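Undergrad: Build the 3D model from these lines:
(chains A and B)
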Amino acid sequence: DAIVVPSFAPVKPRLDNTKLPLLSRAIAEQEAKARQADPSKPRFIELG
Amino acid sequence: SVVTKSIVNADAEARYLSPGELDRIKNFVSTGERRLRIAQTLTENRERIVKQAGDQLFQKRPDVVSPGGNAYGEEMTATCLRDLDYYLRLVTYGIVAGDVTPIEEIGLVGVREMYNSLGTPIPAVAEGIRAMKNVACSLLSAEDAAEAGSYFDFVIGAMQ
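TA: Numbering: from 1, shown residues only, chains lettered A, B, ... in the order given. Please see the structure below:
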């Protein structure tokens, strides 16, 4: 009386992205470049 | 220009333009619009830049504008500022071309002959062009100011 294929269970992935190598490089770059000086702008010493 | 310099060196080899040289042409042609903008800003404020350079140059070197100097009297002072204006025009040409060959051709070949014949002090001219560099760079954005500094720097380096 049992159902061999009851239903297909969703799975929560163990490996969280934005820790994966490519995004991690990119996240580092966007953060660090934002904190650094900005090209093509008149005022840059004013910004915190 | 970048195009003519690359073509001339390739002509020395007689080879058709190398892939790297063609890529250089691609880069220059692609960034041409930004170059046009830099030249446009400098020529739009050409009057202010030139006059401020005159003020600063005379202040660093009062002896050129003192009595017994080349720039004594309104007419002589005006001719000195006209020379500064000519070199600013040359700098805009060089920015647009992307190479310093136009600046060299029009104004820098034989400048020592011309200026000492006129009696004008070449090192003082160099200080004036340095003032032009500072004023123009202040008007320009940081990215634009870096390139314009190079074009001014050839002029001052030749003057020495």
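Undergrad: center of chain A - which residue?
TA: By C-alpha atoms, centre = their mean, chain A has its centre lying nearest to residue A:18, at 3.4 Å.
Undergrad: Excluding sequence neighbours, find me the nearest residue to that one.
TA: residue A:27 (6.3 Å; C-beta to C-beta, 6 or more residues apart in numbering or on different chains). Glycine gets a C-beta too; all of them are placed from N, C-alpha and C.
Undergrad: Which positions in chain B make contact with chain A?
TA: Counting by C-beta under 8 Å from any C-beta of the partner chain, the residues of chain B close to chain A are B:141-144.
Undergrad: Next, the buried residues of stretch B:86-99.
TA: By 16 or more other C-beta atoms under 10 Å in any protein chain shown, the buried positions in stretch B:86-99 come out as B:87-99.
Undergrad: can I get those residues in TSV with secondary structure?
TA: Formatted as TSV, the buried residues of stretch B:86-99 follow (DSSP: H, G, I helix; E, B strand; the rest coil):
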residue	secondary structure
B:87	helix
B:88	helix
B:89	helix
B:90	helix
B:91	helix
B:92	helix
B:93	helix
B:94	helix
B:95	helix
B:96	helix
B:97	helix
B:98	coil
B:99	coil
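Undergrad: from those, which is closest to chain A?
TA: residue B:95 (16.0 Å; C-beta to the nearest C-beta).
Undergrad: related to what we said a few turns ago, residue A:13: which of the buried residues of stretch B:86-99 is nearest?
TA: Nearest to residue A:13 among the buried residues of stretch B:86-99, counting by C-beta to C-beta, is residue B:98 at 51.0 Å.
Undergrad: Could you pull up the residues touching the closest one?
TA: Each residue near residue B:98 by C-beta atoms under 8 Å, 6 or more residues apart in numbering or on different chains is listed here: B:1-2, B:28, B:32, B:35.
Undergrad: Give me the PyMOL select line for those, limited to the buried ones.
TA: Buried subset of those, written as a PyMOL selection, criterion 16+ other C-beta under 10 Å:
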select buried, chain B and resi 2+28+35
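Undergrad: tell me the SS of residue B:69?
TA: Reduced to three states with three-state DSSP, the structure at residue B:69 is coil.
Undergrad: so residue A:18 sits right up against residue A:26, yeah?
TA: No. With contact defined as C-beta atoms under 8 Å, residue A:18 does not count as touching residue A:26 (9.2 Å).
Undergrad: contacts for stretch A:37-48?
TA: Residues outside stretch A:37-48 that contact it (C-beta under 8 Å, 6+ apart) are B:141-144.
Undergrad: Now do the contacts for residue B:28.
TA: Taking C-beta under 8 Å, 6+ apart as the test, what residue B:28 contacts is B:1-3, B:98.
Undergrad: If anything else comes up later, I'll come back, but that's it for now.
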